[PDB]
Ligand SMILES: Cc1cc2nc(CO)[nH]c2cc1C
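This document starts with one chain, in the form deposited without this ligand, laid out as C-alpha cells.
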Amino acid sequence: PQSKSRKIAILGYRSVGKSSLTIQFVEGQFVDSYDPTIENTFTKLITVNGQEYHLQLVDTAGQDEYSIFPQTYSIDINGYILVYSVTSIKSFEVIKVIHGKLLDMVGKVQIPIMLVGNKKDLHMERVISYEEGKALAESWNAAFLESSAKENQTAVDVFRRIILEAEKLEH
C-alpha cells in the first residue's frame, strides 16, 4: 500500500519539549517560547524504508505523577513516544509513572513504547546521564534515544524510530 496511516501519541512531564520536538519534525523550526499544550494534532508524511506514511501525531498536555492517564490515549494509537528532559530529574521520575499507567490501561497488548531524552543540547544543566536513560529504556524493552528540539535531525529520527519499532511488532 503506497501509504499507511499510523497514529502516534507523545507523552511526558510538562516542559520537556514534546511540542518543540514535534514542531521541529513537522514545521522544521525550533519554537523558542513556551506555551503549555492542551492538545495539538499534526498529520505529516514520512517515509521509513521506502514505505510512505500518513503519520498522525498527538502532542499531549504535560502530565505529572498524580495526573490520571487519559483513556483516549489508551485506545487506537499505534505508537507511543515517552519523552523526558535530561535537565530535569523530575521529568525522568514522572516518565516512569506515566509508563506504568500506560501499560496498565493498554492491557495485555503488544504496543510499541519508545523512551526519549530531550534537551540534549543544554550541556551545562544536564542532570541525567545517557546510560541511565538507556537502562530504563532497556528495562522496558523500548528503543531509547536522546534528542534536541533544536537539532532537527535528532527530531526526525525520533519519529522515524517509532515507525521502525511499529512495523516490527506488526511483523
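All residue numbers refer to positions in the sequence shown, first residue = 1. The term rigid core refers to the maximal set of C-alpha atoms that superpose within 1.5 Å between the two forms.
Coverage remark for residue 123: present in the model in all other entries compared whose chains are built on both sides, leaving no third without it. Checked against the other entries of this protein, residue 54 counts as resolved in every one of those spanning it, not missing from a third of them. In this entry, the higher average B-factor at the C-alpha atoms falls on 123 to 131, of the pair 123 to 131 and 40 to 48. Comparing 55 to 63 with 106 to 114, the higher mean C-alpha B-factor in the PDB entry belongs to 106 to 114. Per-chain ranking of the deposited C-alpha B factor places residue 14 in the highest third. In this PDB entry, the Cα temperature factor of residue 143 sits in the middle third of its chain's modelled residues. Ranked by C-alpha B-factor against the other modelled residues of its chain, residue 166 falls in the middle third. Among the modelled residues of its chain, residue 75 has a C-alpha B-factor that falls in the highest third according to the deposited record.
The same protein has a further form, the form solved in complex with this ligand, not shown here; the description that follows concerns it.
With the site C-alphas superposed, this ligand from its pose in the bound PDB entry puts 3 or more atoms within 2.4 Å of the backbone and C-beta atoms of the shown form; the site is blocked.
The closest heavy atom approach of residue 77 to this ligand in the bound PDB entry falls within 4.5 Å. This ligand in the bound PDB entry is approached by residue 105, whose closest heavy atom lies within 4.5 angstroms of it. For residue 61, a non-hydrogen atom is located within 4.5 Å of this ligand in the bound PDB entry, even though that partner is not displayed. Among residues of the shown chain, residue 144 is not one whose heavy atoms approach this ligand to within 4.5 Å in the bound PDB entry. Residue 39 is the only one of 27, 39, 65, 138 with a heavy atom lying within 4.5 Å of this ligand in the bound PDB entry. Between 129 to 137, 108 to 116, 65 to 73, 46 to 54, the stretch whose residues reach within 4.5 angstroms of this ligand in the bound PDB entry through a non-hydrogen atom is 65 to 73. Only one of 69, 140, 144, 53 has its C-alpha shifted by 2 Å or more between this form and the one not shown once the core is superposed, and that residue is 69.
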